[PDB]
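Visitor: Take this structure, written in structure tokens, and hold onto it; I'll ask about it next.
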Amino acid sequence: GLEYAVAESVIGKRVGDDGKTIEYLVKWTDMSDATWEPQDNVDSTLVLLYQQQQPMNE
């Protein structure tokens, strides 16, 4: 079934200004049930891939 899960990539980001935790949409191979996980729990290696997708220093 779905014992364990394999995060393929991170494709979404929600930054809460009013004190909401910044969530990341992790696209697993289980992506049918893709979930917004908090950075602390999100694989930082994949996060790096999304951070690098950001147009940094325009």
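Ligands are numbered from 1 in the order shown, residues from 1 within each chain, and chains are lettered A, B, ... in the order they appear in the structure tokens.
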Please provide as a tab-separated table (two decimals) with N, CA, C and O atoms, in the first residue's frame all residues within 9 Å of residue 43 in chain A, with the sequence filter that same-chain residues fewer than 4 positions apart are discarded (counting only C-alpha atoms).
Guide:
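Saved result, out21.tsv, follows:
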chain	number	residue	atom	x	y	z
A	7	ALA	N	9.07	11.44	-1.60
A	7	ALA	CA	8.95	12.79	-2.09
A	7	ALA	C	9.78	12.97	-3.36
A	7	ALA	O	11.00	12.83	-3.34
A	9	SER	N	9.60	15.85	-5.45
A	9	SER	CA	10.05	17.24	-5.52
A	9	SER	C	9.14	18.14	-4.69
A	9	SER	O	8.13	17.69	-4.16
A	10	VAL	N	9.51	19.41	-4.58
A	10	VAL	CA	8.68	20.41	-3.93
A	10	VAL	C	8.29	21.47	-4.95
A	10	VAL	O	9.17	22.08	-5.57
A	26	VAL	N	4.82	19.33	-1.11
A	26	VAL	CA	5.73	18.28	-1.51
A	26	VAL	C	5.01	17.33	-2.45
A	26	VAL	O	3.98	16.75	-2.09
A	39	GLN	N	8.49	23.37	6.50
A	39	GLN	CA	9.91	23.30	6.14
A	39	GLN	C	10.71	22.34	7.01
A	39	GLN	O	11.48	21.53	6.49
A	47	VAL	N	13.90	21.05	-1.04
A	47	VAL	CA	13.64	22.47	-0.83
A	47	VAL	C	14.65	23.32	-1.56
A	47	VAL	O	14.29	24.31	-2.19
A	48	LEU	N	15.91	22.92	-1.49
A	48	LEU	CA	16.98	23.61	-2.20
A	48	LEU	C	16.64	23.74	-3.68
A	48	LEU	O	16.93	24.76	-4.30
Visitor: Using only C-alpha atoms, which of the listed residues (A:5, A:17, A:56, A:49) sits closest to residue 32 in chain A?
Guide: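 When distances to residue 32 in chain A are compared using only C-alpha atoms, the smallest one comes from A:5.
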Visitor: Using only C-alpha atoms, which of the listed residues (A:46, A:38, A:31, A:3) sits closest to residue 16 in chain A?
Guide: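 With only C-alpha atoms as the atom set, the closest residue is A:38.
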Visitor: Based on the backbone DSSP call, show me all residues of chain A assigned strand (DSSP E), as JSON, numbers by chain.
Guide: {"A": [7, 8, 9, 10, 11, 12, 13, 14, 23, 24, 25, 26, 27, 28, 35, 36, 37, 38]}
Visitor: Quick one: residues within 9 Å of residue 37 in chain A, only C-alpha atoms, excluding same-chain residues fewer than 2 positions away - as a PDB file with N, CA and C atoms, in the first residue's frame?
Guide:
ATOM      1  N   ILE A  22       5.380  28.610   7.269  1.00  0.00           N
ATOM      2  CA  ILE A  22       5.621  28.494   5.843  1.00  0.00           C
ATOM      3  C   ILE A  22       5.562  27.031   5.421  1.00  0.00           C
ATOM      4  N   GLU A  23       4.585  26.712   4.589  1.00  0.00           N
ATOM      5  CA  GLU A  23       4.372  25.345   4.153  1.00  0.00           C
ATOM      6  C   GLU A  23       4.895  25.131   2.748  1.00  0.00           C
ATOM      7  N   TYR A  24       5.290  23.906   2.485  1.00  0.00           N
ATOM      8  CA  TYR A  24       5.782  23.511   1.180  1.00  0.00           C
ATOM      9  C   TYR A  24       4.959  22.365   0.629  1.00  0.00           C
ATOM     10  N   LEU A  25       4.487  22.523  -0.595  1.00  0.00           N
ATOM     11  CA  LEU A  25       3.746  21.468  -1.248  1.00  0.00           C
ATOM     12  C   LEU A  25       4.736  20.453  -1.783  1.00  0.00           C
ATOM     13  N   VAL A  26       4.822  19.327  -1.107  1.00  0.00           N
ATOM     14  CA  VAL A  26       5.727  18.280  -1.510  1.00  0.00           C
ATOM     15  C   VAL A  26       5.011  17.326  -2.446  1.00  0.00           C
ATOM     16  N   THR A  35       0.729  16.692  -0.009  1.00  0.00           N
ATOM     17  CA  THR A  35       0.434  17.417   1.212  1.00  0.00           C
ATOM     18  C   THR A  35       1.412  18.563   1.429  1.00  0.00           C
ATOM     19  N   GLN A  39       8.486  23.366   6.500  1.00  0.00           N
ATOM     20  CA  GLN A  39       9.912  23.305   6.136  1.00  0.00           C
ATOM     21  C   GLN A  39      10.707  22.335   7.005  1.00  0.00           C
ATOM     22  N   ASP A  40      10.492  22.421   8.313  1.00  0.00           N
ATOM     23  CA  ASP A  40      11.213  21.606   9.294  1.00  0.00           C
ATOM     24  C   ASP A  40      11.093  20.114   8.989  1.00  0.00           C
ATOM     25  N   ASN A  41       9.968  19.726   8.407  1.00  0.00           N
ATOM     26  CA  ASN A  41       9.703  18.326   8.090  1.00  0.00           C
ATOM     27  C   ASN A  41      10.002  18.045   6.621  1.00  0.00           C
ATOM     28  N   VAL A  42       9.946  19.088   5.804  1.00  0.00           N
ATOM     29  CA  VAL A  42      10.200  18.957   4.376  1.00  0.00           C
ATOM     30  C   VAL A  42      11.674  18.670   4.112  1.00  0.00           C
TER      31      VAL A  42
END
Visitor: Between A:11, A:57, A:51, A:45, which has the minimum distance to residue 28 in chain A (counting only C-alpha atoms)?
Guide: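 For residue 28 in chain A, the nearest of the candidates is A:11.
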Visitor: With distances taken over only C-alpha atoms, which residue among A:53, A:1, A:6, A:15 lies nearest residue 30 in chain A?
Guide: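 Using only C-alpha atoms, the shortest distance to residue 30 in chain A belongs to A:6.
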Visitor: Give me every alpha helix (DSSP H) residue in chain A, going by DSSP on the backbone, as an MDAnalysis selection string.
Guide: chainID A and resid 44:51
